[PDB]
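A single chain, nothing else alongside it, follows as structure tokens in the form deposited in one PDB entry.
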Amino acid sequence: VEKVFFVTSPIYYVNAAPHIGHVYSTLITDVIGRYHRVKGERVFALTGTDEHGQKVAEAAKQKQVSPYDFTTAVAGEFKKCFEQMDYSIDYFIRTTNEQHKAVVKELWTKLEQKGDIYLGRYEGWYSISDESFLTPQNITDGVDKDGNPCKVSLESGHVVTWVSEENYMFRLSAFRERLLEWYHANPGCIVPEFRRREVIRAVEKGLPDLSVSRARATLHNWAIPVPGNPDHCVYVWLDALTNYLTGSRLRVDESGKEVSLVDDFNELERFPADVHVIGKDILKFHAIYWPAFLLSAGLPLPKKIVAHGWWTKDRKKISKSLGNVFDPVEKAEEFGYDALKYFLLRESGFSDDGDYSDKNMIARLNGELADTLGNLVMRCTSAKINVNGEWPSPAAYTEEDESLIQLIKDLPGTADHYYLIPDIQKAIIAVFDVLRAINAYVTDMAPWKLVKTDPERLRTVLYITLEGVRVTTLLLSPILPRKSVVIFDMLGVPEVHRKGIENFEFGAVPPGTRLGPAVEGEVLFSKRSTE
């Protein structure tokens, strides 16, 4: 029941430089982790890089450098990218890590001791780019790097090749019923629901046994050896999925450096993951293979898998080679880091393929962040309206006052359910519905007129507004981590009241609390042009 809340992103292939997809996945992971830290929970948030395999090894060869130098460099690009995005991830794991390799061999050996690994053959299609085994139903005709006729994945469009190899096989066929029993006993374990239904449909049809090794030549000897068989390398996906178990067993110092691998996951109280964040492209690996490996090894299953969609820009596919780039840092430098995160999390739900455009980014920045949130923060901290620069003591509440108070009191329960699904978009919308109501209340009450006309009434109006802004800001702090600090500083909210479920309560900050110092010229979110 009480354990460290454990949330993960995928670990990303290091065949190419990091891009928006990786940033988005890790963002979602970060937001979920931050919300749980805001509730006062212990959190461990994990991300990293998937560095073995034919895909990564062949990408190294193309650049004409050693896999060790290639992976170290690209991993460094991912780390730097994520530092720049200003996340709060607790550890960055690399599959080349020696302690991860130990955990993989340990798991392999468990699957083997269990009787679930035998020496067999795979003869069939393989997508090197997705490191994915495919049936003939999942391939079709296409053209290759030369424009010659070939076969491609229906899923990804990447070139497929026919593999015929003696491989170690995991008895995935034997886990059909246990997987179905898991899905049904936990009908919230895969999100969104239609992706859950997809997984169930696939497993219902039956599962073939899964190749978990490859001949070493095929992988250019860039992989983890099979314990007891140095001619075979461990399937990159079994290696990769194991990162979640490894990460749950690493003690990390202040620097973010791994200092020690514990023998048993219970010691650190992280495993199993509470939320595995993934893209829709890798659902089968996480919802079918992974729980099967865990069932086999006698390990506990993840509580939830959330699978999101794929971004476009200007209604077209993102690619530098096609002439349509989407650089997060460039966009964050122009519009703001928190604002860019807000947009990515607000514009689209997990069931959708989001679309970025500068038009729409500016519409949300101006309309929601500046006009709704920012305006409201300026109004209730203004020396023109809040003449004493403090949280006033309210007088008697009217029915209209109380209808707004009710929305503010209900908001935390509602945002919370949404964050836990998780459905971050709906959490944001719920908060901003309350911000829109506060603004409309402020417009109705015209506190600027009240200063001269009814100072007693202004106390009430101003207090409710401040408290609404505080509560909405608190719930938005996972989304706007830097701007929420600025807001709290402007409101004079003491540190202790900026986290903890105690402070989801209306009334946490007392009358008399002093506003923070006003800086000359500043605005929270500055609007931008609509050319």
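Just count from 1 along the sequence shown to find any residue number. By rigid core we mean the largest C-alpha set that fits within 1.5 Å across both forms.
FYI, the form deposited in another entry isn't displayed, but the following is about it.
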Looking between the shown form and the other one after fitting on the rigid core, I'd like to know which of 311, 122, 290, 335 has a C-alpha displacement of 2 Å or more.
311
Would you say residue 354 moves between the shown form and the other one, meaning its CA shifts by 2 Å or more once the core is fitted?
yes
Pairwise C-alpha change, residue 127 versus residue 353, in the other form against this form - closer or farther, 3 angstroms or more:
farther
Regarding residue 353 and residue 26, go with closer or farther for their CA spacing in the other form versus this form, the difference being 3 Å or more.
farther
